[PDB]
Structure formats: C-alpha cells, structure tokens
Amino acid sequence: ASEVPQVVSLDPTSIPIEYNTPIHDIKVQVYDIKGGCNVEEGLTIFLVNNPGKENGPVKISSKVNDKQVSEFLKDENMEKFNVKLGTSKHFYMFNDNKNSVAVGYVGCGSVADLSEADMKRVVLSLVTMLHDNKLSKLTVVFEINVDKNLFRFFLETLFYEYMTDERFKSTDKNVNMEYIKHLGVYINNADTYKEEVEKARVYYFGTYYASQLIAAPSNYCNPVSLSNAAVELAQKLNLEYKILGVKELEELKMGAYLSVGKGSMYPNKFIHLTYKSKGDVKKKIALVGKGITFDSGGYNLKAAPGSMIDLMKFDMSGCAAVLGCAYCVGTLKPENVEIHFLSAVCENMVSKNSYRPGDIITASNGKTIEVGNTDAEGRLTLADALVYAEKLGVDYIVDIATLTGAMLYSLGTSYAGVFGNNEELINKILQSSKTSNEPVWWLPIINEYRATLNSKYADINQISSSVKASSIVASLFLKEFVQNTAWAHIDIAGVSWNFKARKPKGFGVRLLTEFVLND
Amino acid sequence: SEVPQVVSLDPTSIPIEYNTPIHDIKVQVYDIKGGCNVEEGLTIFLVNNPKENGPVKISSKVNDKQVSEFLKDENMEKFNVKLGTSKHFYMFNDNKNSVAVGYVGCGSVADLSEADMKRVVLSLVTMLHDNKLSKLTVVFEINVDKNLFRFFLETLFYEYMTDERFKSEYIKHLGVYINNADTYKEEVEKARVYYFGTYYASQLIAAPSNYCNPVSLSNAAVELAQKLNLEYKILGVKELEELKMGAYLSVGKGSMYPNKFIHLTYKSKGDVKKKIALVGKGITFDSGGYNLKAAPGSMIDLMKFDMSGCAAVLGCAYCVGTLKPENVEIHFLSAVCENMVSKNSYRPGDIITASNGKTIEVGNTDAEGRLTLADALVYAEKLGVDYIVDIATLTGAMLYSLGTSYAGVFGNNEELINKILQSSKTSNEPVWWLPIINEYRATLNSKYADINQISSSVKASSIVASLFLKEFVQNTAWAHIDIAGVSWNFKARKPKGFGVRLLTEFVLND
Amino acid sequence: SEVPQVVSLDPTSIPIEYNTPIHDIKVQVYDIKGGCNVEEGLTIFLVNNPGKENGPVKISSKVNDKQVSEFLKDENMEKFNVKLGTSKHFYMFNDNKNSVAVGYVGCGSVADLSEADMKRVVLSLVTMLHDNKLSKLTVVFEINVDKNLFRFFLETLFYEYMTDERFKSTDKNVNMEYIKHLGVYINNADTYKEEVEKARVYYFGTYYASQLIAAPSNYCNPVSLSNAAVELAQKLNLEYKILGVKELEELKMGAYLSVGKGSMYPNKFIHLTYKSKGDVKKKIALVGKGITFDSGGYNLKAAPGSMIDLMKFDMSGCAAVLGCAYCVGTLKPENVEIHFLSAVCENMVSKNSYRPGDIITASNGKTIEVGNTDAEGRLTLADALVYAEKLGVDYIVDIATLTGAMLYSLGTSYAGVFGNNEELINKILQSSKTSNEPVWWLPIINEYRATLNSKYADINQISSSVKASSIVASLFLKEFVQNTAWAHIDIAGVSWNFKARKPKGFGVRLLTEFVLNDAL
Amino acid sequence: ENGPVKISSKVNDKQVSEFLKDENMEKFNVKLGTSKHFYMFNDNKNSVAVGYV
Ligand SMILES: O=C(N[C@@H](C(=O)NO)c1ccc(-c2cc(F)c(F)c(F)c2)cc1)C1CCCCC1
Ligand SMILES: O=C(N[C@@H](C(=O)NO)c1ccc(-c2cc(F)c(F)c(F)c2)cc1)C1CCCCC1
Ligand SMILES: O=C(N[C@@H](C(=O)NO)c1ccc(-c2cc(F)c(F)c(F)c2)cc1)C1CCCCC1
Ligand SMILES: [Zn+2]
Ligand SMILES: [Zn+2]
Ligand SMILES: [Zn+2]
C-alpha cells in the first residue's frame, strides 16, 4: 500500500468506497404464484403484458388472497388501463383486514420475450415508483415469462438503478432517501428461480463497485489510490495480490507502459490479483483492463470539439470491470480455475516529463514502437500488459478497454465490440454476453490494414496514417503482442458511460464473470 | 430521353466501352505435371516459402535448357518471396528467341487471402504495363481453390484494363500452368464475365456527374437491357407522382435533371423458385443539398461515386443476363436522381410523405440516400419478391467501423444475411454482418412527423440509417449492404466496382 | 515574498512608476469671466455650436491680448467648424511681440457631451500634445460641463497623455517631453478647483491599475503582485495581510487552491483594509479576480479566437481593487471600513494541475464538479466570497474578467452588473453615472440554476446546456453568498482597449465613487 | 426544503379523506415538479384518481 502524493493538503488520498450498501440490507423472499399473492404493507406491483395486442388492456391473472383486492383488480376494473411498455399506475384500497394497501402495475408491452433493453425500461419504470415514496417493502408479481438469466438480470438492474451514489455530496444530500428493507417476488416455479437471488446480489455489487471507481474523479482515483483500492479488495476477499512499482516495471523493461505515465505526478502501478481454486486447476485465464485514470491526450491534447476531455476519468472503466469481476469471482469462488486480474494503471498528462509525439519506445517483448499520437496511449499500456499476461502461461487472455472513440460510430452506446485471434474464445465471449445480458458484437481484425502500421524507423507504428477504422487498427496493434495464446479484446469506449443518466454502467463485470463461471 | 443541357458543350451520354482488349485475350490452362514451355512473351512464377521472406526456389520443370539454367536454385536464392516483390529478366531461349522470365513473391502463408492475391496481381500488372508483350504465362507454384483462381483472373483483367474514355498494346494470349488444370477451366470464361460486369460498373462510377446524370444513366441502363434482352421500364416524374414517391421526388427537386427510376427484370427459363429484388442507390452527384458538403474531409469532389450501388446492380444485370442462371426471377431497381442546391431544393426541416403514407421530418438534406431508398423499398416489396437486397454508399461512418476493405451488411432475416455472407466468401468481396440495434429506434421518433430521417444524438449513423430503412419493409426478408467505405480505391484513384461479383454469386448460388 | 525563478534573467518584481510626469504638472484654474491670458505654449479653446451641425467656430471668451483677440474674431474663425473631435492649430504674435500657439477642439452641436463624446474630445487634444515639445498647455472651456464631467475630462487627459515605457529598452521615444504647466479657464472656477486633485488621484489609481494589467505574466505573477500590493499598503498606511498556502489550507479554500495547483508560483491571497477614524457606519468588501495568467489549464485556450496572448489581463479585477485602494487610502473617506480582497493565482498546464472532472470542496463545505478548467475565475471567487462574508460586511462587490460572453451581450464599452440586492445594484448604477464608467444591469435568471445540478457533487462549476455563460457564472457565485447584499461586475469585455492596444484600468473610479457616495 | 406533503383542504368523501391523511401524505415530498397520483374508489364506489404536484 503506497502513499498518495499531494500538491496541497486538501488533495484526497483515497477513493471513498461504499461496501455495505442499503441493497445488502434488503431481505428478499421468493414465493410461487400458485399459492396466491398476499397483499399487505408496502407496494405490490404486477408486471403484466398483453401478447399480440399492442397497448392492450391490463388483465391480472394471479390469484390474490384477499377478497377486496381481488374485486378491485378484476377485469372490468382493469380494462381502462393498458400494457404499453413502461407505463405504470398506482392503486389504493383497503384489504380484508381493513388496512389500506398500495398496489400497482408496470406495463411490459405486447412482445412475449423481453429483450435486455425492454427489461431495463420496465425496471426504470419500477424504480420511479420507488423514488419519492418512503416504502418499507416492495412486492413484484411476475405475470410475464422470464428465464433464469433474465430474472437475475431484472434483479441486478433493479438493485443497480435503485442505488444512489452520494459519496461526493456534502451540503446537497437527499433529505428524503429511504430504501425498502424487504423485497417479495411472486413467480411461477419459484424454486427454480431462488438460486438467482444471491447471484444477482453479487453481480449487482461487482457492477456497482466498478461504477464507484469509474465515477470517482481523477483527483480521487489516481494510479496510487486505485491500486490501493485493489489491494484492499484483495484483502477482503483473500485473493493473492501484487502491485508492481516503477522500479520493478523498469526491471521488466515495460517501456511502452512506462512512457505513458512519464508526465504524471503519480507513479505507475501495475495491479496483479490472483484467484486460484483449491481443487485441480483445469483452466488458467488472464483478464486485462485498461487503467488510465485520467486521459488528457498528452501533447496530442484533447482540444478538438467533441473530444469530451471532462469525461476522461472514465478511461479506467476496463480496470474497473476487471476488479468488479474479481469481487464476483472472489465471492462466488468458482472451482477448477485460476484467474489473473491485471491492469497497467497510469495517468496521461502534459508536462516537461511527458513522452512526445514521434518518440520511439521499446515494449517488454523488445518491439520498438513509433508514437504517432500520444492520445493513443491505452494500446501502449495494454501492449506491455499483454506481454506480461502471456508470460503467465494461461489458456485465455481477455482484455477489456475503453480503447477507441470510433466505437461510437460503429456499434454506438449499447453494444461493445469484441475482436480476437481465436474463434473458440470469441464464441465463449458471445455466449457470456447472452447469459449475462451485456450485449457484445463480433468485429473483424482486418489483416489488409496491418501494413499501414509499418514504421520507416521502428519495428511498428502505434497508429495508422491512412486507415480511419481505428478500432480495427488498434486491435491489429494489440495482436502483435500476443505470440501464441488465444486472445480476445473487448472495446467498451462507447458503452461504458450512460450519457442519459450521467453515470457509469460498470459494463463488463457481469460479462467477464459469466465468462469465468461457465468455463 | 433527351438529356437537358445548359450549354451545347454539355455531354449528352455516358461513353461506354463494351468491346475491350481483355475480350481479345485467348486463355489456355495447362497442367504443371507436363512441364512448362517457355517460347514467347513473359512467364511469371507465383512462388511462396512457408522461412519468412526467404529465398525464391522454383519447383516446376521447364522444357528449355537456357531458361532452366536461369531458374537454378543458386540464381533464384538471390531473390526473396516477400509478398508482391517481383523480378523479371529478358533472355534468349533454346531457339534463340527473346523471352522474359520472372516471379512474383507470394509470402510465407499457405492460404492467400483476397487482399494478398490482389497484391500479387498488382505486381503482375505493373510488369504488364511496362512491357510490350504478345503473351503472358503464369505458373501457379502455390495452392489456390477454384474461387480464388477465378478471383485471380477477374482481378488481373480488371487491373490490367485502362479506362481512357476521357483522354484526348495488350497481350493476345494468357497461359496458365496449374495443378489439376481440368478443374479450373470452367472458371476462365466466368472470370471474363465477372470482370466485365465489374468494369462496366466502374465505367459508370468513374464517369463524372456532367456525363452521368439521372437521364443519361437511365438511358445507359436501357441500352444495356436491350443488349441482354432484359425487360426494362424507366419511370418518369409523372408516374412517380402517381405512385406518390414523395421522399424520392423531394431529393431530386433541386436538380435540373428529372428523376428517373430504373427497373430491369431477368426471368429464368423454367420454374421460378426464387424472386429477388436488387436495389441500388443512385445519386449521380451528392452535393449535400442545403446541408452542403463544406466541412473539412467531406470530399465533395468524390460524390460522383454516390451511385456506386446502382452501378453494382447494373453490373450484376450484365453478369446475370450473360450467364443466365435458372429458376430465378430478378428485378434490378434504382431510384436515380441528383442532390443539388437551388431555389427548388428541399429544405432542412421539410416534412415529406413516402409512398406508403409515412411522413418523414427531414433533419439533414445530406442524408438523401435513405429517402430515395425508402421509396425504392416500398416499390420492391410490392413486387412480391422473396428477398430484397439493397446496396448503397449510404453512411460515411462505415470508414470508421469497417474501413475501406470490408462492406457492412445489416438485415431483418438471419437466413438471408447468411446467404450474403456465403456469397462474400465465394465472390471474395469481403462483407461483415453488423447489427440493427432496436434500442436506438426511439431516436427516430419525430415530434411532428411519423418518423425522423436522422438522429440528432446517436452517432452510430450506419445503424440508425438501417433502422430507418427497415421501417419501409413490412413483411419481406431484407438485407442492406453499406458500401460507402469500400467503393472507391483511394490509392489507385478509381472505383472498385464493388458488389457486382457479390450480388451475382448471391443470385447464382440461389 | 521571494519570487521563484526558472533562470536568473526572470524578473522578481513588477516595475511600477509612482511619480509620473503627470504628477509634475502644476495645474491652475482661473475664472473665464476675467479674460484669458495667452502668453506661451499652446492655448486650446473647447468650442461647440448648438443646433447648427458642423456650425462655424466662434470664440466667446474675453482674451486679454489685442493681437490674439483680433486673430480670433468671428470673421477669421468662420472657415472652421465644430464637428466633434476636429481640431486646428494657429500661430501668431501677441502684444508682447512673442509668438504663441492657439487652437481649438470641436465639441459638436449637442450641448450635453456623453462619456464617449468627451473621450473623443480628449483624444483630439492629446493628438495636439504628442509630437510637439511644449512646456505649457492652457484649456479654455467654452462648453457646459458639470463637476463630475470636468473631473472626467482631467482624469482622461492625464491617463491618455501618459505613455508607459517601463518595458522599452532600445526603443524609448527620444522626443518624449511632457508639459510642466496646465492652465484651465472655466465659468465659476471656484467650484471646479476641488476637482483638480481628485482627478489627479483618480488618474493615478486608474493608471496604477493599468500598469499592473499591462505588465506581462513573467513580471506580474501571484508573488510579485501580492508583493506590490503590500508595498502599496505600506505607502498608504493601510492594514494588510497576505495569506499563503498553509493558511489557505487551514481555511479550507479548496476551490481557490485547486486552480493554482499547476503553477510554479504559490497562491497568494491579498487582504488590505482601510478604516476611517471614528464611527464606522458601512463595512464593505471589494473582491477582485486575480488570475495573473489564464492558459485555460487542461481546457487549453487553443480554439481560434481564444486570444491566449491577451490573458495577462485576467487579473484586471484585482488591479481595479488595488487602484481603488490607492484612491480610498489617499482621499480617506469617513464612516467606512473597506476590505480590499483578491485570491491571486495563475492557471497553468502541468503534471500538478487540476483536471476537468475533479470534484473539489469550497471553504463553505460545498463540493464542486469541475467541468472546464478554463472557468477557473468563478472557483477562486467562490472561496473569496466565502472569506468576505465571514468578515461581517454590509456589502460585497466583486469585479472580474469573468466571461467572454460579455463581448456578445454588452460589448467593449459597458460592463455588466449582476446581484442579489436591488438597492446595492442601484448604488452601482449611480456610481457608474458619477464615475462615467458605463455599466448595465443584467439579470440572474434563476430558471438556469437547474443546469448546475451535479450528479455526484453538490453543484456543477459550468452548465452543459445554457450558452448564457455570464448569467450561469453569476448563478454559480450566488451559491457562495448566504445572507449579504452582493453585486458582481463582469468586466471581461471592457477591460482591454483593443484599438489603443492597452488596458483601460476600468473599475477604479466606479468602485471609488461607490465607496465615497456610501460614506457621504 | 423538500419537506413532506400535507393536505389542508377538507374533502367531502370519507375514502379520499383517509387517503389524504397526514400519515399517508408525509411519505411524499414537495420538491418542485414531483408528483404522485393514485386510483381508488370513492364513497359511491366510483373510480377516481387523487394526487398532488
Ligand atoms: O480512439 C482514439 N482515442 C481514444 C482515447 O483517447 N484512448 O485512450 C478515445 C476513447 C474514447 C473517446 C470518447 C468516448 C466517448 F464515449 C465519448 F463520448 C467521447 F466524447 C470520446 C475518444 C477517444 C484514438 C483515435 C486515433 C488517434 C488517438 C486517439
Ligand atoms: O453518412 C452521412 N452521409 C453520407 C451521405 O452523404 N449519404 O448520401 C456520406 C456518405 C459517404 C461519405 C464519404 C465516404 C467516403 F468514402 C469518403 F472518402 C468521404 F470523404 C465521405 C460521407 C457521408 C450522414 C451522417 C448522418 C448525418 C448526415 C450525413
Ligand atoms: O467565459 C468563459 N471563460 C472566460 C475565462 O477564461 N475566464 O477565466 C473568458 C474570459 C474572457 C475571454 C475573452 C475576453 C476578451 F476581451 C477577448 F478579446 C477574448 F478573445 C476572450 C474569453 C473567455 C467560459 C466559457 C464557458 C465555460 C468555459 C470558459
Ligand atoms: Zn487517449
Ligand atoms: Zn448525402
Ligand atoms: Zn479561464
């Protein structure tokens, strides 16, 4: 654990992390719909659709164990309301014991199978019923068909979107913030769904924890304080850990990673966490996250309109995802596997000591690199981290990184792109995407572009001079640093930040965790 | 129709070369087992080395003592196989005749990609352009499958030909030596057809916008159809008004050239088992309209290429009309017009009505391609086809997703998308499946019209354009090929004719 | 106190000229009803002709010399006209058979000259003083001016006549000679005599401020500026205190300190105080933005039209406040206590700089999400406003080169005033009138406040949707005054005189008149 | 600031009076633009909706 340097004594020296969230105090009970719904305190919400009838009428199908509430919810009363996706209504009535109860529904549309994006819309509607209403309990009645993973996704998303991060509030805390203490879920074949509840809560915190690191500003989350957070996390989970400092990085000849951090007041810190199963180890995996805690662009300063330099605390979203995965893996303790969680953390700054456009630098596999643009720094840090990962002797290397802005022009803000040198590995990532419900799309590494990286003087160019398809070119670059290991690369530059909600998504935690678990 | 002119010097047709020197080349395919005769012209050995950039070593037998001595291992070791490197020497053979002998390096990979093979071909063509020859002979000392072999022939033919129509010598024989020569001979004349559909596409694209305008391009298509005995129909403004194609007619309002909608049809002999509509975007010049292409890098001087999709569809008509596949019916459609700045032009913010009744709020007059394609798709679905495939230089964002080498395909039907991907493998024109992400559909929800033409927020323009196109296909398998990044060869300063061979392979493979 | 240096040639103080040539001018005022003596130097008549646009010149004064009276009779003067700013020179012999120079400056046809029209008159007069080695100037007022305008005439003449040669070395003007005598003839002279030395005080306060502004950033840095402020306090016998970093850390000025993090010069907070002898009825804090160079920080001023080479003037507000301190310390008003405040720092690019997106904590506990490092002035003012309110004053007025949007709203002639108190604003407008430094009241539009709602901090530094930056910046500053009448004077558009390529010293007389009128 | 909702007016319905009681409304707050409304049966068993802004 290292000392965080300060310019002034008001500079913070750690990231505030909330571990014991109000979500963790929520008692969750799952009941089978066949037993009928008890409708008592709190708010009871039916999730209802009308297959085929766009904006069709609401009909409540479940048995309700209360004559008054059953009468209130009969078809002719409900027919003036419709199932339009995201609609909701509140109901007030007295039950059979003369206690007032609150009931309502959320519309789930007319399509039988909700997509992840449809389900998020339903959850957002449900959460607006939880905000600005001091409730002790929520009950949710599923009158829609969801498989096990989509049930888990529903809960993860509910937990994530209900939580409000006030770590940086001081004079402006929400006076009225109270969370429910109890969550009831009514669903058919409840016994098959119960196993998803604790998994959902683990997936929620891994995602929320990565979100807390991303949203933390760069004066709080810097290379020293971020690697201290990873040490603390590993201590709580009994993970092995090792933080490499500059000396050790110099000895390992990590010249591409070290050159990116030369201009920072914070020394480079390379994070290496390990989880090993107690049994026989049948699979070794390295997960690599880009960890740039602030990206000014360097001397290729982000000054062009739309370059969004104020967002760039988010350039360690990949590291955050990998650490959030370490929380889920360390908590759920999968068997027969050894996972290495890696991040070459640094800060990309303008200074007399910064590396320069045109500098030629030597990565740890001895390849010389001509720097054509100091703002393409992530691929330099990953080059050395990929060489480190391969020396571990793993079966798979997966990296995740907010690498290229061109992703916003290719897949946009909803799907990450995955690239790789190995079709089997790529299919497993896509399978994890489908079970985690974090969407990813396979994109090609087009070999015809490789020659635009030929350098007149160094072994290779960092950037292309001619090719504008920069996500593919960056993948071509990274591929040069994996000699003989199956490797995939997930570019989350376009999906990491939720611009509408002004917050991170913690994207990738569930994806990488499903990837580890199903292996 | 008569092409309107501003002055009498204004051109009134697209010059086209149908009969090209390529068509005079006599092609002969020989087996390698017999050894190679080196009696005239230039003879090139395609050789690899599976040591990286290691030395050239010739394995074929040559029936000539002098050339054999030239090719002995001690000489050729002075040369290397780095991809595209070549040397050729002139010398006298056993009968005191002058012959040229050389090689092209094919690298160290056993399987050549389409990109590598293109690099091999370019080095060959460079020698062809610098030497007065009567004959070229190519000796395949590498392994290529039938499709890759035909691709080599098409690419050689296409790159060898020089388009001199706007300016103010070729070999007469091609010899090929290859293992299992008999299995390759049927590819030869198919390559010749594929070359010409591609070169004809490229002639239309390279033709500037004063020669190639909606009128003269629909006239060119008529002449093409007459030569191939295809049914043909050109819709004018009167008929387009009757069909209420307001999106398409709006784009052309500011042009001096009337809109012309092209419709050709190929009908197979025998039972028709599949009906396909191929839809090409045909903007003969895209200035941007009032959303003028004035921004750095918007490259207005390239926008004669905005009809590359139409040209690909007409080049496919040539190939289909010439090879005459069976059991298929194909419609070749294009809504041709020109996007100009005028007192009569459509404006940013106009609300127009498409031919299916959907109102569209225009957010940017430079997103004109999707407006013309919308009315073209409503026309096509009314034909009752099984498949609609449209091909278009639609969004500049392709340059930032897949780049200049691979085109993007989006669609509403996985089986149709998979047929396109399979056609990409056998045509060796590279395509990559990109998604239509439904979560972005809400960005097209106009406050006043039924739908917005563009998003004001989402930067994934190629996906948003596909979501817009998809709104104009109700109940038909549909796919959309965005060739905006891939159509123009910036290094060679010429069109690629991209998509002809892809679409023809799609038709022929059913 | 010690200015850090990179190399030994770096300057360690701001060159400041206190005893200017203006101060060596003997000024005499005579009543015009006694007649004008024309003996020597240049004698300029200020002449209008009401109604008749471009009307003929007529010299109404009595001239106590037969030869010059004859030269100036109406027949001779008829070929000249009074178009505002026009001027002519005459040469003749007086009764003593000495040659004299005489002339006039046209003041137009409107009998009431505006602030801007009188500037035009002075500039024409000054053209007659330049490139002419004269020992004496006489001005005859044949136009009507109240007392504040006669003062404004003199202040302006003094300011424009002076030439700042502190940074000239091999290109000093070898012909630079200043008059040693100024004579003024005006109706009811006795009532205008008191304005002369006031104008001289107001001239130097303005000129002192312009010296600090024009001084480049390698001379005028946070340490050398606070050093000069101390030296001014000592000369004026003002109380003074300079707060360094350790004391600012103790005061928890996290907003102010973050801006200066990237600089080689330690932050210095200037605190000067004037206190009347006897009863103190009004307590006032004047707060001046003092960024000695504004690079933009990591939001570097690199966009076309951002004029990074002008950004030595970003301490203009601090300079106005120090100039006002000179005037108040010199004129010594009664019944008031005045605090002269400036949070001085430099906004630089470095490994140590604050970053876009940092969340920082102001001295009032509020957390701030930095959205643009180039909106640094409102951060330093935030902590300075908190400091000022803890002093327990009746009024807080701040003056700052805050927003470039002022060029698009009021432009280069009028400053904008914003505030939370109607009475204070009217006092500023009233002082604007008697100082002749023009100011226009602009609203603080509360509907925009929501765009400063931050997702993670208590407040955003900037709006991401509102383009009305002068108003948004005012809404931000309001969050740092809890219960005190406060006004904010944005001088970003009016501070630099782009045509003459020099500072105006704007605000010194406005603030001094504000203090003086509240004392009376 | 952002204090609880409290309804002063008397309403001539027993069902809605109970819904509007202080103990129920204080779970809601008056932050500008925040609203809730609920469907219920009134004394005549007619469907009505009651809320606040
Ligand atoms: O894609 C690039 N750079 C990314 C970067 O700076 N990596 O360390 C980059 C990554 C994300 C963004 C970005 C992402 C967003 F989601 C966004 F909203 C935005 F405004 C910018 C922009 C650039 C390259 C392009 C080639 C030259 C170097 C910069
Ligand atoms: O993608 C767009 N426009 C394309 C167009 O004009 N369609 O009619 C467009 C298509 C191709 C290019 C383009 C392609 C190139 F290969 C190229 F080199 C180039 F400079 C531009 C640019 C824009 C939209 C993007 C949404 C808003 C309007 C402009
Ligand atoms: O108004 C702003 N910035 C001013 C500033 O940097 N304050 O410390 C700013 C102030 C003055 C100018 C300015 C003033 C001039 F008189 C001028 F000629 C000029 F070119 C710029 C430009 C910007 C904001 C604009 C939105 C948030 C980022 C900075
Ligand atoms: Zn970068
Ligand atoms: Zn266009
Ligand atoms: Zn600034």
Side-chain angles (χ1 to χ4, degrees), chain A residues 33 37 39 43-52 55-58 60-62 64 66 68-79 81-93 101-120 122-133 138-146 150-151 154 157-158 161 185-188, chain B residues 358 438-451 471 474, chain D residues 19 34-42 46-53:
Chain A
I33 280 197
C37 309
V39 173
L43 179 62
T44 305
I45 299 303
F46 296 82
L47 308 179
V48 312
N49 64 9
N50 198 323
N55 291 3
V58 162
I60 305 292
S61 64
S62 300
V64 159
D66 190 277
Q68 295 293 124
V69 173
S70 294
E71 165 69 18
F72 188 109
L73 301 172
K74 70 184 182 178
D75 282 11
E76 52 256 50
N77 284 332
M78 290 295 101
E79 70 178 18
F81 309 117
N82 70 79
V83 299
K84 177 192 201 184
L85 181 58
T87 313
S88 58
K89 295 288 177 165
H90 284 85
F91 305 143
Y92 172 91
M93 70 213 72
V101 293
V103 184
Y105 78 94
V106 179
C108 303
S110 323
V111 179
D113 286 334
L114 300 153
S115 89
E116 41 95 31
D118 300 323
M119 181 62 82
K120 177 143 179 302
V122 166
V123 170
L124 287 180
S125 287
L126 181 49
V127 155
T128 75
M129 319 184 89
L130 290 168
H131 288 167
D132 303 292
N133 194 340
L138 176 75
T139 297
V140 172
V141 182
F142 278 79
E143 300 200 1
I144 53 164
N145 289 315
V146 296
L150 182 49
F151 177 81
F154 167 86
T157 312
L158 177 57
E161 299 295 338
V185 186
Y186 285 84
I187 199 164
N188 278 120
Chain B
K358 286 195 192 293
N438 289 320
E439 184 170 24
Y440 310 153
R441 172 55 181 81
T443 198
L444 302 171
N445 282 336
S446 175
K447 178 69 171 188
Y448 291 103
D450 296 327
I451 194 163
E471 291 284 319
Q474 297 304 299
Chain D
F19 162 85
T34 304
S35 62
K36 301 288 184 174
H37 69 288
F38 285 69
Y39 282 86
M40 69 199 71
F41 284 117
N42 70 0
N46 296 317
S47 161
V48 300
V50 185
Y52 85 94
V53 175

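Chain A is the first sequence line, chain B the second, and so forth, proteins listed ahead of strands; every chain is numbered from 1. Values below: every heavy atom of this structure, side chains too, minus hydrogens, waters and symmetry copies.
Between the CG atom of A:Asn49 and the CG atom of A:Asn82 there is a distance of 12.5 Å, given to the nearest 0.5 Å. To the nearest 0.5 Å, the span separating CG on A:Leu85 from OG on A:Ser125 amounts to 7.5 Å. Taking CG of A:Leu73 as the start and SG of A:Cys37 as the end, the distance is 9.5 Å to the nearest 0.5 Å.
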Q. Where do A:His90 and A:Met129 land on the side-chain contact (heavy atoms from CB on, under 4.5 Å) test, with the steps shown first?
A. CA-CA 8 Å; A:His90 284 85; A:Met129 319 184 89; 3.4 Å; yes

(Q) With side-chain contact (heavy atoms from CB on, under 4.5 Å) as the criterion, how do A:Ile45 and A:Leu126 come out once you've worked through the C-alpha distance, each side chain's angles and the decisive distance to 0.1 Å? (A) CA-CA 8 Å; A:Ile45 299 303; A:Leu126 181 49; 4.0 Å; yes

**Q.** Chi angles and distances behind the side-chain contact (heavy atoms from CB on, under 4.5 Å) call for A:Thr44, A:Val141
**A.** CA-CA 7 Å; A:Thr44 305; A:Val141 182; 4.2 Å; yes

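Two residues are said to be in side-chain contact when any heavy atoms from C-beta on lie closer than 4.5 Å; A:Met93 and A:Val101 meet this criterion. Taking 4.5 Å as the limit, every side-chain heavy atom of A:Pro57 sits out of range of all side-chain heavy atoms of A:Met78. A:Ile60 is listed as a side-chain neighbour of A:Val48, based on a closest heavy-atom distance under 4.5 Å. Between A:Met119 and A:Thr157 there is no side-chain heavy-atom pair separated by less than 4.5 Å. With contacts defined as side-chain heavy-atom distances shorter than 4.5 Å, the pair A:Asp118/A:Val111 does not qualify. Side-chain atoms of A:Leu138 and A:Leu130, non-hydrogen and from C-beta on, do get closer than 4.5 Å to each other. At least one side-chain heavy atom of A:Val122 sits under 4.5 Å from a side-chain heavy atom of A:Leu47. Contact check for A:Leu43 versus A:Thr139: no side-chain heavy atoms found under the 4.5 Å cut-off.
Looking at A:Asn50, its side chain never comes within 3.5 Å of a backbone N or O of A:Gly109 through a donor-acceptor pair. Under a 3.5 Å cut-off, the side chain of B:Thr443 and the backbone N or O of B:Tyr440 do not form any donor-acceptor pair. No donor-acceptor distance shorter than 3.5 angstrom exists from the side chain of A:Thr87 to the backbone of A:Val83, with no hydrogens or angles considered. Panel note: side chain B:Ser446, backbone B:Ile451; no donor-acceptor pair is recorded below 3.5 Å.
The two residues A:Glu143 and A:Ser61 have their closest heavy-atom pair at OE1-N, 2.7 Å. When every heavy atom of B:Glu471 is checked against every heavy atom of B:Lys358, the shortest pair comes out as O-CE, 3.3 Å.
The side chain to side chain contact (heavy atoms under 4.5 Å, CB included) search around B:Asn438 returns B:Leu467, B:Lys470, not counting sequence neighbours.
Under a 4.0 Å N-O distance rule, the pair B:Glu439/A:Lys120 does not qualify as a salt bridge.
Partner of A:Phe142 under the ring-ring contact (aromatic ring centres under 6.0 Å, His included) criterion, out of A:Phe154, A:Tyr105, A:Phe46: A:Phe154 alone. When each of D:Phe38, D:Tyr52, D:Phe41, D:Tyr39 is tested with D:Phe19 by the rule ring-ring contact (aromatic ring centres under 6.0 Å, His included), just one qualifies, namely D:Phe38.
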